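Written below as structure tokens is the structure these notes are about.
Both backbone and side-chain heavy atoms feed into the values below; hydrogens, waters and symmetry mates do not. Chain A is the first sequence line, chain B the second, and so forth, proteins listed ahead of strands; every chain is numbered from 1.
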Amino acid sequence: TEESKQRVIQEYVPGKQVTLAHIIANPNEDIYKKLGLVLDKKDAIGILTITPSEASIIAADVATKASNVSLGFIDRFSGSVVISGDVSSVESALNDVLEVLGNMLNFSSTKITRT
Amino acid sequence: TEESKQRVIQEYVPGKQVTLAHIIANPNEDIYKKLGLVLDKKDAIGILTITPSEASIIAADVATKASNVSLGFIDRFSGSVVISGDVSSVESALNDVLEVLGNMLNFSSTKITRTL
Amino acid sequence: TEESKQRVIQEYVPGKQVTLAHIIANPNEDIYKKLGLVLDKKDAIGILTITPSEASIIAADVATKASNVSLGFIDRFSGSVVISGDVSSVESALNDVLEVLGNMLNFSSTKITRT
Amino acid sequence: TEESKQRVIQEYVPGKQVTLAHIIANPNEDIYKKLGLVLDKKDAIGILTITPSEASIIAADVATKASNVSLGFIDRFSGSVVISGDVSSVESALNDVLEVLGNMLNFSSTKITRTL
Amino acid sequence: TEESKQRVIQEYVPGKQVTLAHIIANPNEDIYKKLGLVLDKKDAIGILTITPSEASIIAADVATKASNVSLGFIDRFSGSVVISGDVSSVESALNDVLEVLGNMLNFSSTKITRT
Amino acid sequence: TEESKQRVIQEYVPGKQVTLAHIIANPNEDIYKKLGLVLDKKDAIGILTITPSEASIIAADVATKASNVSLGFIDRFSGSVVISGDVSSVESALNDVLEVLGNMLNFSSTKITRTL
């Protein structure tokens with residue numbers, strides 16, 4: 001019942017978290033085309049989930065400086081970053097992103113995952 | 001009253017969860033056409049709700065690597081993934097997704113459900 | 001004061017709930033035109049609020065199989081489903097939606113309401 | 001610090017609430033024109049905030065069945081409903097909405113307020 | 001770990017709050033042009049943050065009746081209201097908005113701030 | 001289970017917080033071009049996350065009154081502000097923003113961070 005529920009005021013602010021840092025070694029063509037990507041058959045993708053969304057800019061910059069990856073897209077509204085390149089380059093980029101956001105800027109972090 | 005309410009600061013981050021993994025065996029054409037789907041009338045569809053939304057990419061990739069399953073759509077903004085194919089292939093694909101996201105990536109998961 | 005407020009991290013996920021399952025027997029023409037509907041004067045509408053939003057697809061399919069209702073619209077982003085038909089057909093459709101989502105899929109549910 | 005914060009999973013669902021039911025008796029023309037309204041300069045407006053957003057349809061229907069009240073707009077996405085007409089008719093319509101949503105559908109409700 | 005987190009269902013509704021009521025005496029031209037404003041060099045702006053978003057309509061109406069301010073914009077989706085005029089007119093408008101929303105309608109309120 | 005979950009009504013309002021105030025000294029051109037920026041290749045950028053979103057207007061105004069700093073963009077919907085200029089000027093501007101919002105307006109604040 002309406003009458004039995006506690007009510008609280010919640011003041012919302014974004015957290016600081018990298019929720020996902022995932023490599024897909026051999027992505028299906030239908031999927032990556034729907035994402036707007038232009039890849040070689042040999043290319044892997046790396047996928048990041050980041051809050052606050054503006055920190056996507058930091059991650060994308062770190063990833064592209066880290067190694068030989070291309071920026072697939074950055075979405076500064078949602079926080080999403082997708083990168084592409086060889087598996088080892090994508091792994092190094094994701095590791096650098098996690099070191100900067102997680103260790104340097106004290107975001108809540110995660111380990112790299114892979115399909 | 002305004003004066004009696006507790007106030008908390010909530011720092012929001014996305015959870016890690018597959019909330020829904022549902023099969024519709026013989027979907028109504030008006031529904032699937034409004035979703036932008038082109039199906040055979042023996043096709044089933046599979047529907048996924050995923051958080052964070054980016055993990056839809058993972059799920060769609062895992063599902064469409066499944067035999068005889070086609071991507072309906074992926075919405076990387078909302079997390080949604082809809083797939084299509086014969087009912088058994090669709091169930092297999094959904095289960096692959098739950099195994100990758102739930103077991104390997106430690107997402108909260110759900111059982112596959114179906115419209116009877 | 002800022003300093004006196006507890007802070008918690010909230011990881012958000014959608015709930016599983018049908019919040020509203022409502023019949024309007026004789027809807028005002030201005031309203032249903034603004035909603036994009038094409039009705040007979042005799043048609044009722046049924047309105048559903050559903051989380052997660054993708055479950056709108058399940059509800060719409062169940063409703064249209066249940067009885068002689070037309071799909072007014074489905075909004076897969078918000079979860080909304082509006083159906084139209086005679087009152088008894090709309091009632092049977094809403095009941096079927098509630099049985100499937102509420103009883104079969106264990107969503108939090110509600111009773112049919114009417115204006 | 002990051003390390004000291006409690007972490008909870010929150011499953012979100014819409015509440016059932018009319019947060020605002022407000023009359024503006026003689027609204028400024030620059031405001032009502034920015035809202036897309038065409039009024040007589042004796043018209044008042046009535047403003048509703050409703051959750052879940054779909055219940056705006058219910059409220060708009062109840063309000064516009066009220067004598068001498070016109071629909072300004074309905075926003076089924078946000079829940080908003082704005083109506084117009086003479087001040088007493090607008091108040092009557094708002095009260096009808098609060099009676100249906102608050103009393104009959106058990107929404108949390110509010111009192112009608114007005115810009116004095 | 002996933003397994004260690006408490007889960008609660010949160011039913012969301014908008015709060016009633018004026019979070020910000022701020023005057024910028026001499027706004028930078030680049031900023032106010034990006035906001036779509038047409039000002040004199042001498043004009044100040046007032047900025048309001050309001051929940052629920054529909055109460056922006058009430059605030060904008062009160063502000064424009066209060067004093068000699070122009071409505072810069074109203075955003076009924078987010079709640080935002082920006083007004084412009086001389087500093088003293090903008091201050092009187094903001095004070096009237098706070099008296100109506102805060103004192104009359106019992107919104108949680110704030111004091112006027114200035115740059 | 002559905003039956004075991006506590007249920008609370010949460011009335012949402014925006015917090016008052018600068019979550020991020022970050023300098024990138026030599027940003028990659030593919031990144032800054034995707035953000036719509038035109039820079040010199042000695043320019044740094046400064047990135048702000050602000051709640052409530054309207055306070056981006058305050059921050060952008062304070063920052064661009066700083067010497068040798070240009071507005072990259074302001075997003076009044078999300079709260080974001082990106083600025084550009086030589087690294088020291090950008091840091092000075094970010095610090096001015098933290099002083100106004102954090103100290104004078106009592107927002108929760110953060111330290112300036114930088115990509116090393």
What donor-acceptor contacts under 3.5 Å connect chain F and chain A, backbone and side chains included?
| from | atom 1 | to | atom 2 | distance (Å) |
| --- | --- | --- | --- | --- |
| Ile9(F) | N | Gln6(A) | O | 2.8 |
| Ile9(F) | O | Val8(A) | N | 3.0 |
| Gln10(F) | NE2 | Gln10(A) | OE1 | 2.5 |
| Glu11(F) | N | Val8(A) | O | 2.9 |
| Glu11(F) | O | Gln10(A) | N | 2.9 |
| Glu11(F) | OE2 | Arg7(A) | NH1 | 2.8 |
| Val13(F) | N | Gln10(A) | O | 3.1 |
| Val13(F) | O | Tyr12(A) | N | 2.9 |
| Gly15(F) | N | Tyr12(A) | O | 2.9 |
| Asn26(F) | O | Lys65(A) | NZ | 2.9 |
| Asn28(F) | N | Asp61(A) | OD1 | 2.9 |
| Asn28(F) | ND2 | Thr64(A) | OG1 | 3.2 |
| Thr49(F) | OG1 | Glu54(A) | OE1 | 2.8 |
| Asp75(F) | OD2 | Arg76(A) | NH1 | 3.0 |
| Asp75(F) | OD2 | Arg76(A) | NH2 | 3.2 |
| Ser80(F) | OG | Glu54(A) | OE2 | 2.5 |

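With sequence neighbours excluded, the residues that form a side chain to side chain contact (heavy atoms under 4.5 Å, CB included) with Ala63(F) are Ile83(F), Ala93(F), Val97(F).
Contact annotation for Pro52(A): only side-chain heavy atoms (C-beta onward) come within less than 4.5 Å of a heavy atom of chain F. With a threshold of 4.5 angstrom between heavy atoms, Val8(A) approaches chain F through its backbone and through its side chain. Looking at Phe107(F), there are no atoms closer than 4.5 Å to chain A (heavy atoms on both sides), in backbone or side chain. Interface residue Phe77(A): only side-chain heavy atoms are found under 4.5 Å from chain F.
For the set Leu105(A), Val100(A), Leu71(A), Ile74(A), the count of heavy-atom pairs under 4.5 angstrom toward chain F peaks at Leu105(A). No other option in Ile47(F), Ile45(F), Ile50(F) has as many heavy-atom pairs under 4.5 Å with chain A as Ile47(F).
The side-chain heavy atoms of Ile57(A) and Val82(F), taken from C-beta on, include a pair separated by under 4.5 Å.
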